[PDB]
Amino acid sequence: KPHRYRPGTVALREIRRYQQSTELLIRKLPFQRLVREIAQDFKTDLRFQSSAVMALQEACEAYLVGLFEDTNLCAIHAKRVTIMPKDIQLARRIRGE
(Lines of atoms letter the chains of each structure in order from A and count residues from 1; the text may use other names and numbers.)
(Lines give C-alpha, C1' and ligand atoms only; values in the text may rest on other atoms or scores of the structure.)
Protein backbone atom coordinates (compact mmCIF):
# COMPACT_ATOMS: atom_id res chain seq x y z
CA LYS A 1 0.00 0.00 0.00
CA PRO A 2 2.76 0.14 -1.27
CA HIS A 3 3.90 -2.98 0.60
CA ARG A 4 7.66 -3.41 0.97
CA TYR A 5 9.94 -6.11 2.41
CA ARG A 6 12.54 -5.07 4.96
CA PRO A 7 16.32 -4.74 4.42
CA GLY A 8 17.74 -8.23 4.71
CA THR A 9 14.58 -10.18 4.07
CA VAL A 10 15.00 -10.37 0.32
CA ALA A 11 18.73 -10.99 0.71
CA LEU A 12 17.92 -14.05 2.81
CA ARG A 13 15.33 -15.00 0.23
CA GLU A 14 18.10 -15.07 -2.38
CA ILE A 15 20.63 -16.83 -0.17
CA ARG A 16 18.10 -19.61 0.42
CA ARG A 17 17.29 -19.53 -3.27
CA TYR A 18 20.75 -19.80 -4.75
CA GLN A 19 21.92 -22.41 -2.28
CA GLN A 20 19.15 -24.78 -3.48
CA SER A 21 20.08 -24.27 -7.14
CA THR A 22 23.19 -25.24 -9.11
CA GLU A 23 23.02 -23.20 -12.29
CA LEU A 24 25.74 -20.76 -13.34
CA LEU A 25 25.12 -17.34 -11.78
CA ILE A 26 27.44 -15.47 -14.16
CA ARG A 27 26.02 -14.88 -17.66
CA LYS A 28 27.43 -17.02 -20.49
CA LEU A 29 28.26 -14.85 -23.49
CA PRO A 30 29.79 -12.11 -21.29
CA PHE A 31 32.05 -14.74 -19.69
CA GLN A 32 33.16 -16.29 -22.95
CA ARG A 33 34.51 -12.88 -24.14
CA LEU A 34 36.51 -12.43 -20.96
CA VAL A 35 38.04 -15.87 -21.45
CA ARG A 36 38.85 -15.01 -25.03
CA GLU A 37 40.27 -11.62 -24.03
CA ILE A 38 42.70 -12.98 -21.46
CA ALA A 39 43.75 -16.06 -23.49
CA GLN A 40 44.32 -13.96 -26.57
CA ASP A 41 46.49 -11.76 -24.36
CA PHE A 42 48.90 -14.74 -23.82
CA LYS A 43 48.86 -16.29 -27.30
CA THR A 44 46.82 -15.53 -30.41
CA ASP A 45 44.59 -17.12 -33.03
CA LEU A 46 43.28 -19.50 -30.38
CA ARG A 47 40.16 -21.65 -30.61
CA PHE A 48 38.12 -22.89 -27.65
CA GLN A 49 36.08 -26.05 -27.30
CA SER A 50 32.47 -25.55 -26.30
CA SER A 51 33.02 -27.37 -23.00
CA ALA A 52 36.45 -25.79 -22.42
CA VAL A 53 34.89 -22.41 -21.81
CA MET A 54 32.38 -24.22 -19.64
CA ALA A 55 34.99 -26.10 -17.60
CA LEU A 56 36.35 -22.66 -16.74
CA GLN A 57 33.09 -21.00 -15.67
CA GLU A 58 32.30 -24.01 -13.51
CA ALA A 59 35.65 -23.72 -11.77
CA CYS A 60 35.52 -19.90 -11.59
CA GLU A 61 32.06 -19.74 -10.07
CA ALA A 62 32.93 -22.59 -7.71
CA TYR A 63 36.01 -20.67 -6.59
CA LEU A 64 34.25 -17.35 -5.89
CA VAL A 65 31.27 -18.99 -4.21
CA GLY A 66 33.75 -20.80 -2.03
CA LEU A 67 35.75 -17.60 -1.48
CA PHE A 68 32.64 -15.62 -0.49
CA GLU A 69 31.94 -18.30 2.16
CA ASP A 70 35.36 -17.70 3.76
CA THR A 71 34.98 -13.96 3.34
CA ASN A 72 31.67 -14.23 5.19
CA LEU A 73 33.38 -15.93 8.13
CA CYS A 74 35.91 -13.10 8.42
CA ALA A 75 33.16 -10.47 8.41
CA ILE A 76 31.23 -12.37 11.05
CA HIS A 77 34.41 -12.64 13.16
CA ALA A 78 34.76 -8.89 12.73
CA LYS A 79 31.37 -8.65 14.40
CA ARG A 80 29.86 -7.48 11.10
CA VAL A 81 27.44 -8.90 8.53
CA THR A 82 28.63 -6.73 5.64
CA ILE A 83 31.59 -8.21 3.76
CA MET A 84 34.37 -5.82 2.59
CA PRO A 85 37.57 -5.90 0.49
CA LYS A 86 39.23 -6.10 3.88
CA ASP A 87 37.77 -9.61 4.43
CA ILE A 88 38.54 -10.99 0.96
CA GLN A 89 42.21 -10.07 1.40
CA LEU A 90 42.27 -11.74 4.82
CA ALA A 91 40.64 -14.88 3.47
CA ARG A 92 42.97 -15.06 0.51
CA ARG A 93 45.94 -14.35 2.79
CA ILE A 94 44.96 -17.05 5.25
CA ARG A 95 44.21 -19.26 2.20
CA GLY A 96 47.83 -18.82 1.14
CA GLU A 97 46.99 -17.04 -2.07
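The first residue of the shown sequence is 1; numbering continues from there.
Q: Look over 62 to 70 and 49 to 57 in the entry and identify the one with the greater average Cα temperature factor.
A: Going by the record's values, the stretch with the higher mean is 49 to 57.
Q: Please say which third, lowest, middle or highest, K86 falls into when its CA temperature factor is compared across its chain.
A: It falls in the top third of the chain.
Q: State the tercile, meaning the lowest, middle or highest third, of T44 with respect to the CA B-factors recorded for its chain.
A: As the PDB entry reports it, the C-alpha B-factor of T44 lands in the highest third of its chain.
Q: How does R16 rank on Cα B-factor within its chain, lowest, middle or highest third?
A: Lowest third of the chain for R16's C-alpha B-factor.
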